[PDB]
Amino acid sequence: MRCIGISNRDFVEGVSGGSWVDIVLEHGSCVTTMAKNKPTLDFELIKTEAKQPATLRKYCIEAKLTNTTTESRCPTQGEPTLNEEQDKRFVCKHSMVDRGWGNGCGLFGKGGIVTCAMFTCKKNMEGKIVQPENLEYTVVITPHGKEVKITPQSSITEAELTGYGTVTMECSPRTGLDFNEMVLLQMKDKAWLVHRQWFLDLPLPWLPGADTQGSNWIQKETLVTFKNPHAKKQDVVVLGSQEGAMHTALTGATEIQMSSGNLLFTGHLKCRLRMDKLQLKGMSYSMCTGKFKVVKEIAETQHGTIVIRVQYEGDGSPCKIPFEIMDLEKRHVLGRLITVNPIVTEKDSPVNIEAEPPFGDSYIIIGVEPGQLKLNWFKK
């Protein structure tokens, strides 16, 4: 088997009207239901993706300076000026400089000076926001299939399934990210989920999200430094590419994989199915009594939870996986289990168990004592 059956309590057959069913669809899993004398149905969330996220802000990480120009005046000659001061492509600075007989002036004193240099971004990176319009879930329904799209705005879909006819499916996000707080930082072919404020405070030149020209950078001086003015000239220098510094700053950040302009997430949905009055098949699994083997150690998800991948090597599958979370002592914690009714449908086949441990030290207990796994975990 590959598919997990719903519990008898997961559906209600009305005296009149239809039959309502609740199902939880997590990546890697398969949920099945069957009506009397009707084709068996499988439900599976295939992917969660954000398509074409809009740009919140663009940051320049490598800029080059060219066309340096300076206007210097002698005492009594007033303020210098440059047309470039009005060209947003240029970074400029006004200051005072010593003038005298050595540099063509008849008086010794401070003279005004202004220098401008053309700022050209060579490499940038941008923060993008995921809005409701960008999120899409893909669910496949297989009678024995049909691929349906689900979005935050369009959560309801009617699908005709042979044997059942029309069946309504209404799904909503269950364990994702707060896209108002978390922003997607993109540098070339890579991406990371980062906090919005951290992103907005980065000390780099920037342009608004809807900017198309990409030339009138704000806060160019974050990368530019004007050297001390000489009598009639002044040099302007720039930091080198900040690509490396960004990588360092991103050390702990969650990395997201991209598919050319679109990102893949580990989605989780809660769905309600509405169909004609029909007596459905409920399933009850016995607790596994065998030992489990850890396939992949406790790992954090992209969305503040953890997953432990295990494999059942005992007997009696399909069976329910004994699971518990307890505090520093031995007090069990009810709740915190994302993968409710965790069942292994077969032996020697990896299964993901998702959970949300309490802050501090806790223990993840899997299986019954004969070979029971006791995993430590520290959070935040």
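For every residue, the number given is its place in the sequence shown, counted from 1.
The stretch of deposited sequence separating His144 from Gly145 contains 10 or more residues lacking coordinates in this entry.
The question of which stretch, 235 to 243 or 249 to 257, has the higher mean Cα B factor is settled in favour of 249 to 257.
The PDB entry reports B-factors from which the mean C-alpha value can be compared for 334 to 342 and 52 to 60; the larger average falls on 334 to 342. The entry assigns its greatest Cα B factor, within the set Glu133, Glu158, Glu297, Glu126, to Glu158. Remark: of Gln213, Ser72, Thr151, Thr76, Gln213 shows the highest value [criterion: C-alpha B-factor in the PDB entry]. Placement of the Cα temperature factor of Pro370 within the chain: highest third of the modelled residues, per the deposited record. When the modelled residues of the chain are ordered by C-alpha B-factor, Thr40 sits in the highest third. Remark: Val183 belongs to the middle third of its chain, ranked by C-alpha B-factor as recorded.
Looking at the C-alpha B-factors along this chain, the one for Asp98 belongs to the lowest third. Per-chain ranking of the deposited C-alpha B factor places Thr115 in the lowest third.
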